[PDB]
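Presented below is the structure to which this report refers.
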Ligand SMILES: NC(=O)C1=CN([C@@H]2O[C@H](COP(=O)(O)OP(=O)(O)OC[C@H]3O[C@@H](n4cnc5c(N)ncnc54)[C@H](OP(=O)(O)O)[C@@H]3O)[C@@H](O)[C@H]2O)C=CC1
Ligand code: SF4
Ligand code: SF4
Ligand code: SF4
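Protein chains in written order, with the entry's author numbering: chain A9, 1 to 186, 195 to 252, 281 to 323; chain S3, 7 to 214; chain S8, 1 to 176; chain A6, 14 to 127; chain AA, 5 to 84; chain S7, 24 to 179.
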């Protein structure tokens, strides 16, 4: 194919790799670590932000000289999205808000956003589109959030056949939501299985899938290497931290394994457990 | 001749010639070359086993005081069995004269560490250790000054290239500033400028 | 000739010791310092209201990095590569080709405004005086992408003004 | 060929001073992983310390071994003082790849690594 | 409690406490350098483990002169 | 619509409040620090713009990075940078700091402070003239005029 797309030597810091990556969202958490691993790989990253330029200013300089690029977009029209996919080799859907707002509920982010971008991505000629989702988001009960992600999975499975539908379990890191919610509470416990997986294993798997062809169409789900009790986990978090509502239903309800579909070691990246990284990341206790 | 040519004074030339033959008379154990340039400064070229005797002599003796110390650089000349050159650069306070003690050395054998007799030599010696690698035996304090603490390579050799092997950048994966091998933005295009036709005739080395 | 300082003695006369005692117990010299500072209070301060009153300069300032061109004519450069040879941070980058005429010209002429240290060596070195250190100093740039000037940037920056540049060169072509 | 070595006379003092220096590094690492608020278990740090000792294992000359003892002593002193920082201790490790293996196949797909 | 047998038992369970050794395999002529597959690096690890557990400061030339668990037991029974 | 009217007035007021004072720190390693102390001159003021040099890194609004940023400097720089509130802005002053500059091809000199900190205002020069630097601070203030944080918060 065309020149300035072929790879060049080593990786990172204006060592040009093959991909031209359009990443949605990325002002939050997982998109930020993904932009960081692409800058470590050293590719050109198009990020659209609807938000303030100051947040992407603080998550900005991880790209090298003129590598990342900014534009503006919304969840109403198609012109800015087509402007985002004017020239893009690969593109990833990493969108979502864990609490309903005025202008957008859990409905129509997961419904309205992937329709338009999957339509214009299949039209405007991109390859290897990757869509995240949550693990075990089904038609089943107790979560408008998870049934809406099941609706979005139905649409992204139906239109644009050649995707990579992917889903991790609840992930933990430096700016995690639910682990900080565990540290910042106030409290009761049941029996509920749950596997957490550290964030860099997920993003190594994502970038390996984004540079690897001939494993596409296969949906993936990610595996915590321990998969143990919720209440033991709260005990361990309070132990390492030295101290004695749709979200709370999501964390209490269920997190199970699904042996139908492949995971980490079927892609070839080492899993890292909760305990090592939790000693690493649980700062911000007393003194 | 008379305009725009910096005139030399043969008085300092003759006096430093007499002083140089005097030094070569009175310390025959260590003297190899006593050379005088056209701009009349003395250069005494010395084996590295008489550093302490020559400096303990040249600090005193009332024919040449020379209290003041300056530049020590061990100017790296390859194509020699002994690469580096320690250059002591001594200055009088009563006499207004400058002498250059050029003593030679290699990468490994220590010189005698003049800090016992010239107190100024301490950070000069620490600098030469941190930039070149000439170890100083019987010296109190050898640490690293002018380089990073996680750094090694003795960068002012000729064998250390102009760019670095390490280069820092911040990354948020570990929330800190980490070291990566060098990935420049431009080549530093080095221009060949050793032009032929022998711009100086008096310095023609004997060929074979 | 040497003129040393701090060699007096305290005169043990009654007048000198009572003057030093008044100095101690009566805070006189501190009041003298306050008098000097209020003497500079009632002056008029030499500030300039900035965005209305720009500062003074010289006709030999080093700013914008413009290019010139011949009177009613084409570009003045030749791509003789002297400025890349003399740029002491090597920010100049010149790739040259001849066009459909036959006269020698360029393709790409780059200054890193980061690495430009504003000597004036490319002002002294250019034989046709093609590159001129521009007159004004207002760059104030948001991103790092903009600060890598191209040849078409320098041509449109020399087309933005020449009357300034021509007046300054005709003021000061006789010295340098 | 007149050579005056630094400290030793043969490799016996070399082995003596290097086993003393390894004892110092072995009992100096858990203090640093307490102080600098690191992210690394103690045995992983000790294993990479003994890895750094094993890296220079193919050196025969007494002067070079003595000079390595000098280098290691200087950096152990600068780590028992607090003169270094978390960047430097993480710079001794490798938690920022550098992932390229020694396979001829991977050095064939990634360009030009003979 | 300072008997020969309490000393040999405590040397034996700190050998069991040490991780690279395989198997337990106590002997009077064990010679854990090359009969048991270790390093002088791991020799001085074991010696400093002894020194840190219950003994004196244990100099290094004598630490080269042990090279054997029973001779370590004899060294503590020598010096303590 | 008058909700948007009152929100626009409130956002422009708070952005004007940030435009007013702008308490900097003077980090300032090499000779660009001398040019900072000469934009603190009697001729080019700072107090006309509310700018007051303040030694605390905790109450700094903007941060002028100036001088040659080196490897031996860098962890101290970002450790200064973190202990600073969530609205914070960076002026990279001078050819050394905004892209490496004259010491670009050397060990132990960071090629521009993009590798360390985010940069809001690059200003080139060696040293950039105090007149030019003050113009750079005015274009900083106009960037502060263009923020619409509260408008994006309301339509969030
Ligand atoms: N355990 C986990 O954290 C899991 C996470 N995920 C996915 O990982 C990603 C990151 O996780 P998380 O931090 O929780 O999510 P985030 O909110 O942090 O990331 C989503 C990003 O897209 C933006 N965004 C989302 N919806 C809209 C919208 N309608 N209009 C404009 N911008 C929008 C967000 O806010 P802004 O607009 O202000 O930029 C943010 O920048 C999400 O896509 C989430 O679905 C999935 C499963 C599990
Ligand atoms: S020195 Fe002048 S004529 Fe020569 S290449 Fe540079 S700008 Fe062109
Ligand atoms: S003024 Fe700038 S472009 Fe010209 S020679 Fe100097 S550094 Fe190079
Ligand atoms: S850019 Fe120029 S004035 Fe500023 S620190 Fe560097 S050399 Fe000094």
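Ideal Cβ positions, reconstructed from N, Cα and C, are used throughout, including at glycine.
query, result
"Contacts that residue 195 (chain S3) makes with chain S8 (C-beta to C-beta distance below 8 Å)", "90"
"Own chain residues within Cβ distance below 8 Å of residue 102 (chain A6), not counting five before or after", "45, 49, 51, 92"
"Proximity to residue 103 (chain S3) [Cα-Cα], best of 60 (chain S3), 72 (chain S3), 211 (chain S3), 68 (chain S3)", "72 (chain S3)"
"Contacts that residue 66 (chain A9) makes with chain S8 (C-beta to C-beta distance below 9 Å)", "143, 144, 145, 148"
"Beta-carbon proximity check, residue 64 (chain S3) vs residue 96 (chain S3), cutoff 8 Å", "yes"
"Spatial neighbours of residue 147 (chain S3) in its chain, beta-carbon cut-off 8 Å, leaving aside the 5 residues before and after", "128, 132"
"Close-in-space but distant-in-sequence residues of the same chain around residue 31 (chain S7) (CB under 7 Å, 5 per side omitted)", "174"
"Where residue 51 (chain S3) sits in the DSSP three-state scheme", "strand"
"Residue 128 (chain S8) CB to nearest heavy atom of ligand 2 below 7 Å", "yes"
"Stretch pair the segment 103-123 of chain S8 + the segment 31-50 of chain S8: three plus CB contacts closer than 8 Å", "no"
"Residue 81 (chain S8): CB within 7 Å of a non-hydrogen atom of ligand 2", "yes"
"Which listed residue (53 (chain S8), 4 (chain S8), 66 (chain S8)) has its alpha carbon closest to that of residue 159 (chain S8)", "66 (chain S8)"
"Contact set between residue 52 (chain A6) and chain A9, taken where Cβ atoms lie within less than 9 Å", "312, 313, 315, 316, 317"
"Residues that residue 176 (chain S3) bridges to, as DSSP identifies them", "183 (chain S3)"
"With 16 other Cβ atoms within 10 Å as the buried cut-off, status of residue 94 (chain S7)", "buried"
"Rounded distance between the beta-carbons of residue 132 (chain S8) and residue 169 (chain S8), thought under 8 Å", "7 Å"
"Cβ-heavy atom distance, residue 78 (chain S8) to ligand 2, below 7 Å", "yes"
"Element boundaries [beta strand (DSSP E), containing residue 115 (chain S7)]", "112-116"
"Which residues DSSP lists as bridging residue 131 (chain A9), in chain order", "93 (chain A9), 165 (chain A9)"
"Closer than 7 Å: residue 129 (chain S7) CB and nearest ligand 4 heavy atom", "no"
"Which of helix, strand or coil DSSP assigns to residue 66 (chain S8)", "strand"
"Residue 119 (chain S7) beta carbon near ligand 3 (any heavy atom closer than 7 Å)", "no"
"Residue-level contact to chain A9 via CB, residue 185 (chain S3), 8 Å cutoff", "no"
"Host alpha helix (DSSP H) of residue 41 (chain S3) (start-end)", "It is not in any alpha helix (DSSP H) - residue 41 (chain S3) instead sits in the beta strand (DSSP E) that spans 37-42."
"Where residue 12 (chain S8) falls, given that 16 or more other Cβ within 10 Å makes a residue buried", "exposed"
"Residue 157 (chain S7) and residue 85 (chain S7) closer than 8 Å at C-beta", "no"
"Per-residue burial, residue 151 (chain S8) [other beta carbons within 10 Å of its own, 16 or more giving buried]", "buried"
"Identified DSSP bridge partners for residue 96 (chain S3)", "75 (chain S3), 105 (chain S3)"
"Local Cβ density within 10 Å of residue 42 (chain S7), reported as buried at 16 or more and exposed below that", "buried"
"Residue 25 (chain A6) to residue 15 (chain AA) span [Cα, whole Å]", "28 Å"
"Sequence-distant residues of its chain with Cβ nearer than 8 Å to residue 80 (chain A6) (five each side left out)", "19"
"Exposed unless 16 or more other CB atoms sit within 10 angstroms - verdict on residue 58 (chain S8)", "exposed"
"Residue 177 (chain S8) Cβ short of 7 Å to ligand 2 heavy atom set", "Because residue 177 (chain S8) is not part of the residues shown, which for chain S8 are 1 to 176, the question remains open."
"DSSP-derived helix/strand/coil call for residue 143 (chain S8)", "coil"
"Residue-chain proximity (residue 52 (chain AA), chain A6), Cβ-Cβ < 8 Å", "yes"
"Integer Cβ distance of residue 208 (chain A9) from residue 232 (chain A9), believed to fall under 8 Å", "Actually they do not touch by this definition, with Cβ atoms about 14 Å apart."
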